[PDB]
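**Student:** Partial complex follows, first chain(s) only, in situ:
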Amino acid sequence: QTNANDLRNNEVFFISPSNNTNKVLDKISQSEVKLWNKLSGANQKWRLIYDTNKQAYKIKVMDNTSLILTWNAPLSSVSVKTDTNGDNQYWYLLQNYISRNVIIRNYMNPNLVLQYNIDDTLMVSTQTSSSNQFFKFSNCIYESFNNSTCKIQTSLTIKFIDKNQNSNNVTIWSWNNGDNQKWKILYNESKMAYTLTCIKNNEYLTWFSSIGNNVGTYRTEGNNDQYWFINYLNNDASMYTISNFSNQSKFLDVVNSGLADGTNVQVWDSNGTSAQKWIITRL
């Protein structure tokens, strides 16, 4: 139904066993992983990091530890460990087109794939036709927010994305409960990106690409500068970046990290600062 769960570089996923949508791959401690009941905590979320030479991925937990899924060669166990770029920490993600099921096949020893056991433990094993070696990937951000109305807070202070009443200009402002501060998030299948639609005027959060660096709202023309990528912070699934479809380097940004009402929301070159960190919450 959607291409939003495709195995894209730099997206974040729940990894579930094919036999149970309510369990997910879960970092349970400093080193151990297991299948666990789905709670949508950061320790159940995994960023894919593709290497184009190997055609394989690293699988990184998003609880801010930066640990990656690791085959404990020469044993049959798996863990989460420091990224040392080991062959044993790379995994092919090879997908069945119809069912969407994926094998997670080790790069160092491609005889071996990830397997889930009856008792919810994980291991690597030689390959069989059992469903205990098939997993599904669901994109966390799409699950959280697609076709949903949201408040969007700057990390800098308790202030939200606000469309001006006279202008179509976007600023940060305190919570009014106003429709000018509420945004309908919707994935576009064809662009493979999001629109954010102000509830007040039913138009798209827009980087005015022609004019300069200003972000406001604008007509629903579907121009390139009206589409956005929404991701978690590189290491941390408690906050989000919002970057523009027209230029990936351009991130939604509070001008000069201004803390007060009315301070302008723009796009700015990618920098890692708190000015470009946001908190999207569903209403």
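**Tutor:** Arrived safely. Numbers count the residues shown, from 1 in each chain, chains lettered A, B, ... in the order given.

**Student:** centre of the chain versus stretch A:137-146, how much separation?
**Tutor:** 8 Å (CA atoms, centre = their mean, to the nearest Å).

**Student:** give me every residue that touches the residue lying farthest from the centre of chain A.
**Tutor:** Seen from the C-alpha centroid of chain A, the residue lying at the greatest distance (CA atoms, centre = their mean) is residue A:166, 34.0 Å away. Not one residue lies near residue A:166 by CB atoms under 8 Å, 6 or more residues apart in numbering. The C-beta positions use only the backbone N, C-alpha and C, and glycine is treated the same way.

**Student:** any idea whether it is helix, strand or coil?
**Tutor:** coil (DSSP: H, G, I helix; E, B strand; the rest coil).

**Student:** measure it to residue A:216 for me?
**Tutor:** Separation of residue A:166 from residue A:216 (CB to CB, to the nearest Å) stands at 12 Å.

**Student:** ditto for residue A:3
**Tutor:** 29 Å.

**Student:** The two: which is more packed in?
**Tutor:** Taking other CB atoms under 10 Å, residue A:3 and residue A:216 do not tie; residue A:216 has more neighbours (22 against 12).

**Student:** Could you list the buried residues of the helix or strand harbouring the more buried one?
**Tutor:** Using DSSP states H and E, residue A:216 sits in strand A:215-218. Neighbour counts using 16 or more other CB atoms under 10 Å place A:215, A:216, A:217, A:218 of strand A:215-218 among the buried residues.

**Student:** Then stretch A:48-68?
**Tutor:** A:48, A:50, A:56, A:57, A:58, A:59, A:60, A:61, A:62, A:63, A:67, A:68.

**Student:** what does stretch A:99-119 give?
**Tutor:** A:100-107, A:112-116.

**Student:** With just CA atoms, put it into CSV.
**Tutor:** Coordinates of each C-alpha in stretch A:99-119 appear next as CSV, following Å, rounded to 0.1, in the frame of the first residue of the first chain:
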residue,chain,number,x,y,z
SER,A,99,5.0,-10.4,1.3
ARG,A,100,7.5,-7.5,2.2
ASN,A,101,9.3,-10.0,4.5
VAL,A,102,13.1,-9.5,4.8
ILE,A,103,16.0,-11.8,5.6
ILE,A,104,18.8,-10.2,7.7
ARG,A,105,21.8,-12.0,6.4
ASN,A,106,25.3,-11.5,7.9
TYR,A,107,27.9,-9.9,5.6
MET,A,108,30.9,-11.7,7.2
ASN,A,109,29.2,-15.1,6.9
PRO,A,110,26.3,-15.0,4.5
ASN,A,111,25.4,-18.6,5.3
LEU,A,112,23.9,-17.1,8.5
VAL,A,113,20.8,-15.1,9.0
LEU,A,114,19.1,-13.6,12.0
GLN,A,115,16.5,-16.0,13.5
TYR,A,116,13.9,-15.5,16.2
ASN,A,117,13.2,-18.4,18.6
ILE,A,118,9.9,-19.5,20.3
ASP,A,119,11.2,-18.0,23.6
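
**Student:** OK, contacts around residue A:225?
**Tutor:** Under the criterion of CB under 8 Å, 6+ apart, the neighbours of residue A:225 are A:206, A:207, A:208, A:209, A:244, A:245, A:246.

**Student:** then chain B, please:
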Amino acid sequence: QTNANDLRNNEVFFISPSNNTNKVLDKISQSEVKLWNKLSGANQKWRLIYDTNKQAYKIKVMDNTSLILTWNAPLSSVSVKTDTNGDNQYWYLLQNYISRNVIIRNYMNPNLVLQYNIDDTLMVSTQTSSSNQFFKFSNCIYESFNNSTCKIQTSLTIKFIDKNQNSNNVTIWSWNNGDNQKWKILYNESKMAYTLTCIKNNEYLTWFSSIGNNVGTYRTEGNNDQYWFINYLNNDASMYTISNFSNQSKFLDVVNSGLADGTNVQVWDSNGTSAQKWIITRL
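**Tutor:** The block that follows adds chain B to the chains above:
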């Protein structure tokens, strides 16, 4: 760039080694397969037949022999043999999202995948990280006809799809070299189906689906009855079926198999007759 090469049930493909797009899997004799340089024979074309229970496919050669790709258990050789629905004749097709490369992994013994050797022979083997176990799949019809102008002959007699002068109607007619007998075929990424635009008037071949069985031409609105699926005959890649996106059971049909100039063209329930068999030729 295109979803047209996706590993769809009931499509026909060239199967290429990842290291060379000019080579394809070729049935060279009654029982043997080998990589060969890409030519135009139906012995280099393979239909996928998916089993929902197995999550795997049979891979059927299209030279009208009906033979399918077979692991010669317990040896390491492969061949083409009579379809017995053997576990050794089913193959998982598991694909890498970014590169589009596919492993061809045996259902009976999933330790084993198809491998191409430097001498162009094929075998099965335990899995490695080598490019010699990665294949590309290219949809033959898309490669043959996308964005090209074609003539379309009924199998019944040497006559062609023809938009009449005085109406929107389509019939079969003897060849005039007329613009009204020429059809631009173009795949639509969203619909995952083709349009056929009459060169004379820039209109889509269209089933008038609200009011009867008639096929003619109509304005480029992009309605469901203006899109078509183009496939080879189930067994035989010298001829084609053309069926309607609106309702897949409705196939392009020469009314009552009339052989004469002006015989109407319609859609009709799938029945395997010569009236529903066409010959598409690129001009």
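
**Student:** Go back to the buried residues of stretch A:48-68, now with chain B?
**Tutor:** A:48, A:50, A:55-63, A:67-68 (16 or more other CB atoms under 10 Å in any protein chain shown).

**Student:** Name the surrounding residues that touch that stretch.
**Tutor:** A:7-13, A:15, A:27, A:30-31, A:41-43, A:45-47, A:69, A:80-83, A:85, A:89-93, A:104, A:107, A:232, A:235-237, B:96, B:98-99, B:101, B:129, B:134 (CB atoms under 8 Å, 6 or more residues apart in numbering or on different chains).

**Student:** Work out the gap between stretch A:275-283 and the centre of the chain.
**Tutor:** Counting by CA atoms, centre = their mean, stretch A:275-283 comes out at 13 Å from the chain centroid.

**Student:** first vs last residue of it, how far apart are they?
**Tutor:** The first residue of stretch A:275-283 is 23 Å away from its last residue (CA to CA, to the nearest Å).

**Student:** And it, what's buried?
**Tutor:** For stretch A:275-283, by 16+ other CB under 10 Å, it's A:275, A:276, A:277, A:278, A:280.

**Student:** Find the nearest non-adjacent residue to the fourth one, please.
**Tutor:** The shortest distance from residue A:278 to any residue other than its chain neighbours is 4.8 Å, reached at residue A:240 (CB to CB, 6 or more residues apart in numbering or on different chains).

**Student:** repeat for the second one
**Tutor:** Leaving aside its sequence neighbours, residue A:276 sits nearest to residue A:251 (CB to CB, 6+ apart; 4.5 Å).

**Student:** and that neighbour, how many neighbours?
**Tutor:** Using other CB atoms under 10 Å in any protein chain shown, residue A:251 has 24 other residues around it.

**Student:** can you list contacts of the helix or strand hosting it?
**Tutor:** Take DSSP H and E as the rule and residue A:251 turns out to sit in strand A:250-254. If you take CB under 8 Å, 6+ apart as the criterion, strand A:250-254 is touched by A:154, A:156, A:172, A:207, A:215, A:228, A:241-244, A:263-271, A:275-276, A:278.

**Student:** now with 7 Å?
**Tutor:** Around strand A:250-254, the neighbours that count as contacts under CB atoms under 7 Å, 6 or more residues apart in numbering or on different chains are A:154, A:156, A:172, A:207, A:215, A:241-244, A:263, A:265-270, A:275-276, A:278.

**Student:** Which of the residues you listed fall within strands?
**Tutor:** Judged by DSSP state E, these include A:154, A:172, A:207, A:215, A:241-244, A:265-269, A:278 as members of strands.

**Student:** ok so, going back, kindly reformat the buried residues of stretch A:275-283 as CSV and extend each row with distance to residue A:143.
**Tutor:** Formatted as CSV, those follow (distance: CB to CB, whole Å):
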residue, distance to residue A:143
A:275, 27
A:276, 23
A:277, 21
A:278, 18
A:280, 13
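
**Student:** quick check, nearest of these to chain B?
**Tutor:** Checking those against chain B with CB to the nearest CB, the nearest one is residue A:280 at 25.6 Å.

**Student:** Can you verify my assumption that the closest one contacts residue A:149?
**Tutor:** No: taking CB atoms under 7 Å as the definition, residue A:280 is not a contact partner of residue A:149, at 11.0 Å.

**Student:** that older thread, which of the contacts of stretch A:48-68 fall within strands?
**Tutor:** Filtering the contacts of stretch A:48-68 for strands - DSSP E - leaves A:12-13, A:15, A:27, A:46-47, A:69, A:80-81, A:91-93, A:104, A:232, B:96.
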